[PDB]
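Enquirer: Build me a model:
(chains A, B and C, ligands or ions: 1)
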Amino acid sequence: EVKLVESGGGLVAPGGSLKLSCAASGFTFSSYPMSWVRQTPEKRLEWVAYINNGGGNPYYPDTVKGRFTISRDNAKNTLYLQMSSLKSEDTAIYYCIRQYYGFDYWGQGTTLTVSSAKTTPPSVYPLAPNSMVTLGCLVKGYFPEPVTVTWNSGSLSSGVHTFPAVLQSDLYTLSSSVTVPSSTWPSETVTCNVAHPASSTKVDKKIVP
Amino acid sequence: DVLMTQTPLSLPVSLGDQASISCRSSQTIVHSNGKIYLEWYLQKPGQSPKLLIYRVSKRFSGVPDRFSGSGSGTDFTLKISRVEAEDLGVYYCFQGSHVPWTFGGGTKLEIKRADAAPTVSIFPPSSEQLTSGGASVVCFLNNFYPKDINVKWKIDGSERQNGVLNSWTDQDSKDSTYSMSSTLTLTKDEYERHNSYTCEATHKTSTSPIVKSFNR
Amino acid sequence: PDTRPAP
Ligand SMILES: *[C@H]1O[C@H](CO)[C@H](O)[C@H](O)[C@H]1NC(C)=O
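Expert: Residues are numbered from 1 along each chain as shown, chains lettered A, B, ... in the order given. Structure as follows:
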């Protein structure tokens, strides 16, 4: 199936260190070289590391050379990226990649934020008010990004879109909208599930009329 | 380093029509072995990038026939022959011939569709937030096109501009629309000194605003 | 042959 699952992201002070992990499955891990690519808040893509199938030829751009270290454990089917002397410019989503023809398969990514600020978990507020009804969730006052918002633990996938977070006064706020048939609600329960990994926090808010 | 420069920055296109995305390198990008490692990646809203094309013109497995890459020297091109709504997102070129490997800046592909009016919903503050001392009033303007839209907040019939925060989605791949939310933030003390709250959306689909209100 | 060469 080929699945790559990154982990270890979060908030780090300037000058600090942090190591990312990536769980590889669905293929013969030891046969393929691997790369890390990062995407900055400006949505620019930067390649940051390469390593061959056997764990050799570690290569880096000069922007992270001497600070970043790629490594792998072919027994555990894991790829690592140790970081140190972190700067503001390292803040990004970091993607694990199985490489062959090009960057063939990308993980979903894990987020590093380099900042002196402190972690703040979100407050989550329900939004409640015809054959079709629109409900919502207000996710207010968190730092850093990201949060993931899901509805009924994933069951409600259609009729859902989440608005980009905006920074005001050093905290993020976003909203998520879901639309269901009037029959569906409040006859049956509709719950907003918010995850903030940097604070290791999960909130479940039911939408009551 | 090799600089990869993309053209245009944004590209509007109708369904079934053709799109062309240009890439320009700051130098030749032929590897020591004589081959050119120019790659095309597509990042759809909310997703990781995905490979479409490597070696200038070779489609990665699964990529439909309508994606075609070409070029040499410093000029390279991606063509999409019959754009489908699912093709929207940001396209990146990439050179893998010389180190450091480098990406272009990206070209956003936008789908043109028929003008569509928003579906407006206004929401009052929750009791949970009112206990924290704050009071956000929220308005969703959902599933409209084109992206540009105006929202006006009114408190007891009077316009209110300060404390408003608006946020647009990326284009939806299913229906090719946009949505946006408007959040008016007030203190608890201020919210309870008034009763009538209104958001009205003005869109090019009507000179008449779409008005939604609540009391208390 | 088609794979991107190592750095
Ligand atoms: C491309 O990568 C593969 C995967 O290991 C092999 O190393 C192959 O030798 C490479 N091909 C070229 C042209 O260097």
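Enquirer: what's the closest non-adjacent residue to the residue of chain A found nearest chain C?
Expert: Among the residues of chain A, residue A:59 lies closest to chain C, at 4.0 Å counting by C-beta to the nearest C-beta. For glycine as for every other residue, the C-beta is placed from the backbone atoms N, C-alpha and C. Nearest residue to residue A:59, sequence neighbours excluded (C-beta to C-beta, 6 or more residues apart in numbering or on different chains): residue C:7, at 4.0 Å.
Enquirer: surely that neighbour meets residue A:51?
Expert: No - at 10.0 Å, residue C:7 and residue A:51 do not qualify as touching, with contact defined as C-beta atoms under 8 Å.
Enquirer: Now do the shared contacts for these two.
Expert: A:57, A:59 (C-beta atoms under 8 Å, 6 or more residues apart in numbering or on different chains).
Enquirer: beta partners for residue B:160?
Expert: Beta-bridge pairing for residue B:160 (DSSP bridges): residue B:153.
Enquirer: close enough to count as contact, it and residue B:137?
Expert: No - look at residue B:160 against residue B:137 with C-beta under 8 Å: they stay out of range, at 9.5 Å.
Enquirer: CA atoms only: put stretch B:117-125 into PDB for me.
Expert: What follows is stretch B:117-125, C-alpha atoms only, in PDB (Å, rounded to 0.1, in the frame of the first residue of the first chain):
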ATOM      1  CA  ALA B 117     -24.100  32.800  -4.800                       C
ATOM      2  CA  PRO B 118     -23.100  32.000  -1.200                       C
ATOM      3  CA  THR B 119     -25.200  30.100   1.400                       C
ATOM      4  CA  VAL B 120     -25.000  32.300   4.400                       C
ATOM      5  CA  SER B 121     -25.300  31.100   8.000                       C
ATOM      6  CA  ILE B 122     -24.900  33.300  11.100                       C
ATOM      7  CA  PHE B 123     -24.100  31.800  14.500                       C
ATOM      8  CA  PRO B 124     -24.400  33.400  18.000                       C
ATOM      9  CA  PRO B 125     -21.700  33.100  20.700                       C
END
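Enquirer: mind checking how far that stretch is from the chain centre?
Expert: 21 Å (C-alpha atoms, centre = their mean, to the nearest Å).
Enquirer: Doesn't residue B:129 lie inside a helix?
Expert: Yes - per DSSP: H, G, I helix; E, B strand; the rest coil, residue B:129 lies within a helix segment.
Enquirer: Right, and chain C sits closest to which residue of chain B?
Expert: Closest point on chain B to chain C, by C-beta to the nearest C-beta, is residue B:96, at 4.6 Å.
Enquirer: Please name the nearest non-neighbouring residue to that residue.
Expert: Of all residues not flanking residue B:96 in the chain, residue B:37 sits nearest, at 3.7 Å (C-beta to C-beta, 6+ apart).
Enquirer: the domain parsing of the chain - what is it?
Expert: Went with chain A since none was named. With domains defined by curated CATH domains, chain A comprises A:1-116, A:117-208.
Enquirer: ah, no, chain B please
Expert: B:1-113, B:115-214.
Enquirer: Mean neighbour count for the ones you listed - can I get that in a markdown table?
Expert: Shown next, in a markdown table, are the domains of chain B (neighbours: other C-beta atoms under 10 Å in any protein chain shown):
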| stretch | mean neighbour count |
| --- | --- |
| domain B:1-113 | 18 |
| domain B:115-214 | 17 |
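Enquirer: closest one to the ligand among those domains?
Expert: When the domains of chain B are compared by C-beta to the nearest ligand atom, domain B:1-113 sits nearest the ligand, at 5.9 Å.
Enquirer: Find the centremost residue of chain B, please.
Expert: residue B:170 (2.8 Å; C-alpha atoms, centre = their mean).
Enquirer: ok, for it, nearest residue in space, not its chain neighbours?
Expert: For residue B:170, ignoring the flanking residues on the chain, the nearest one in space by C-beta to C-beta, 6+ apart is residue B:45 at 3.7 Å.
Enquirer: related to what we said a few turns ago, you'd agree the residue nearest to residue B:96 is up against residue B:95?
Expert: Yes - counting by C-beta under 8 Å, residue B:37 touches residue B:95, with 6.5 Å between them.
Enquirer: So for those two, which residues contact both of them?
Expert: Common neighbours of residue B:37 and residue B:95 (criterion: C-beta under 8 Å, 6+ apart): residue B:29.
Enquirer: quick revisit: between the domains of chain B, which one is closest to residue A:131.
Expert: The stretch from the domains of chain B with the least distance to residue A:131 (C-beta to C-beta) is domain B:115-214; that distance is 12.5 Å.
Enquirer: end-to-end on the closest one?
Expert: Across domain B:115-214, the terminal residues are separated by 28 Å (C-alpha to C-alpha, to the nearest Å).
Enquirer: How far off centre is that domain?
Expert: How far domain B:115-214 lies from its chain's middle: 20 Å, per C-alpha atoms, centre = their mean.
Enquirer: Could you do stretch B:10-20 as well?
Expert: On C-alpha atoms, centre = their mean, the centre of stretch B:10-20 falls 15 Å from that of its chain.
Enquirer: List every C-alpha atom in it, with coordinates, as PDB.
Expert: Taking Å, rounded to 0.1, in the frame of the first residue of the first chain, the C-alpha atoms of stretch B:10-20 are listed here in PDB:
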ATOM      1  CA  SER B  10      -1.600  31.800 -11.300                       C
ATOM      2  CA  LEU B  11      -3.500  30.200 -14.200                       C
ATOM      3  CA  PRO B  12      -7.300  30.400 -14.700                       C
ATOM      4  CA  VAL B  13      -8.700  27.800 -17.000                       C
ATOM      5  CA  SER B  14     -12.100  26.300 -18.000                       C
ATOM      6  CA  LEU B  15     -13.000  22.600 -17.700                       C
ATOM      7  CA  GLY B  16     -11.900  20.700 -20.800                       C
ATOM      8  CA  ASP B  17      -9.500  23.500 -21.900                       C
ATOM      9  CA  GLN B  18      -5.700  23.400 -22.000                       C
ATOM     10  CA  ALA B  19      -3.200  24.700 -19.400                       C
ATOM     11  CA  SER B  20       0.500  25.400 -19.900                       C
END
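Enquirer: Buried residues, the helix or strand harbouring residue A:46. List them.
Expert: Here residue A:46 sits within strand A:45-51, counting by DSSP states H and E. Of all the residues in strand A:45-51, those buried under the rule 16 or more other C-beta atoms under 10 Å in any protein chain shown are A:45, A:46, A:47, A:48, A:49, A:50, A:51.
Enquirer: Give me the common contacts of residue B:160 and residue B:137.
Expert: Among the neighbours of residue B:160, those also in contact with residue B:137 (C-beta under 8 Å, 6+ apart) are B:153, B:184.
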